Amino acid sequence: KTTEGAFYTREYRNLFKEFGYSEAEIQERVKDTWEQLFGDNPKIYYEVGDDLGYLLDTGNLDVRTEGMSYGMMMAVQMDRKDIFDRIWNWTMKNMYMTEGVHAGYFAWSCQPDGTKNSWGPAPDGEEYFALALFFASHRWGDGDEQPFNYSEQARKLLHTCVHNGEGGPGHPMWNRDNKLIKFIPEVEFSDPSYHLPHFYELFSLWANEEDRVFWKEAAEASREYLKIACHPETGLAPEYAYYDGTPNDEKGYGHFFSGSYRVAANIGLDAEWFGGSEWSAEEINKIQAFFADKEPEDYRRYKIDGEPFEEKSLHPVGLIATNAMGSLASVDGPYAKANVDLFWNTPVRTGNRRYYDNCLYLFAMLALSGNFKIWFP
């Protein structure tokens, strides 16, 4: 480690402020971003009745565990128990599976009416659900009424993630030998953007005790994995990658595209929470170096070696936001201020592809203003 993280100091860097933005403009911008996403201006969050709500993937017309778990994380960071509970309530009602091989997990995609489009889960959903739930327990207390017994729900979910398939036909979400998160439970490859060692550090404190060593090991395995998965010159990570670190392009996910964008963001947040490292600063410096001579209107899909496709980035605003959030891992970096300034000058996205960009956008607003916090017991 290179700095002491917010986990130890309990002080979160306001990078916007350190980079010269006013406290009042920062506060305004964070709130505006929240309101444009969750307020009643068509927006990614939709209230339903007195007790339900969801985040809608405006592009695919579905509700994803990625968005629901994001929404819960967002709501707890913002101290909005009412929104948290609406979303978690819908998730438990419509997504949680009690039948089939993936019982104990959440169906990754549902229609807006709650109908499951698949009984397969998406591990990046599970890990955000668990952490958001631990934060909710810590901010608000566990409810007496299920499923609002947050910390128990979190421990029980992480039990399944690690141990599924011991007493039967299910699959764990992490490989037990290499401690790496999987793309989906029935495969033996991974997805670099799913790797959240800063989350696993907290799981090592709060999960069932029987798994606390495993989670500390997973955190360390994830850090090592990211070293091999990001290209050594450009810093770009593939969307999917084998355990050996190389891209899995069997179905076209072996390049730098939408999934990959979260790698830079995850690295920035881990640096802020658990401390900088030389590897992380150098990695962000490489990503930002690669995009320094590129205009946002021209962002493409790239091979991880930097070779451009004709195809444009489908989510260039999300790319901007994650690259900016990555600056938390290289606050003195040569491109860190340009990236934060570019994000500052990029509005929240409109149109039917806005959901993914805007989730990344709010996470970056929170993190860069010192508002993406660890909530302790």
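When you see a residue number, it is the position in the sequence shown, counting from 1.
Colleague: Unmodelled residues of the deposited sequence between residue 42 and residue 43: none, 1 to 3, 4 to 9, or 10 or more?
Modeller: In the deposited sequence, 1 to 3 residues between these two have no coordinates.
Colleague: So, looking at the entry's B-factor column for Cα atoms, which has the higher mean, 63 to 71 or 48 to 56?
Modeller: Mean CA B-factor is higher for 48 to 56.
Colleague: If you average the CA temperature factors over each stretch, which comes out higher, 33 to 41 or 340 to 348?
Modeller: Taking the mean C-alpha B-factor of 33 to 41 and of 340 to 348, the larger value falls to 33 to 41.
Colleague: Among 146, 204, 288, 280, single out the one with the highest C-alpha B factor in the record, please.
Modeller: In the PDB entry, the greatest C-alpha B-factor among 146, 204, 288, 280 is found at 146.
Colleague: Could you check 85, 209, 191, 307 and tell me which one carries the biggest Cα B-factor in the deposited entry?
Modeller: In this record, 307 carries the highest C-alpha B-factor of the candidates.
Colleague: Against its chain's modelled residues, does residue 122's Cα B factor rank lowest, middle or highest third?
Modeller: Its C-alpha B-factor, which the entry lists for residue 122, ranks in the lowest third among residues of this chain.
Colleague: For residue 284, does the deposited CA B-factor place it in the lowest, middle or highest third of the chain?
Modeller: It falls in the bottom third of the chain.
Colleague: Could you say whether, by C-alpha temperature factor, residue 195 belongs to the lowest, middle or highest third of its chain?
Modeller: Answer is lowest: the recorded C-alpha B-factor places it there.
Colleague: Would you please rank residue 77 by its C-alpha temperature factor against the other modelled residues of its chain and give the third it falls in: lowest, middle or highest?
Modeller: As the PDB entry reports it, the C-alpha B-factor of residue 77 lands in the lowest third of its chain.
Colleague: Lowest, middle or highest third of the chain for the C-alpha temperature factor of residue 12?
Modeller: As the PDB entry reports it, the C-alpha B-factor of residue 12 lands in the highest third of its chain.
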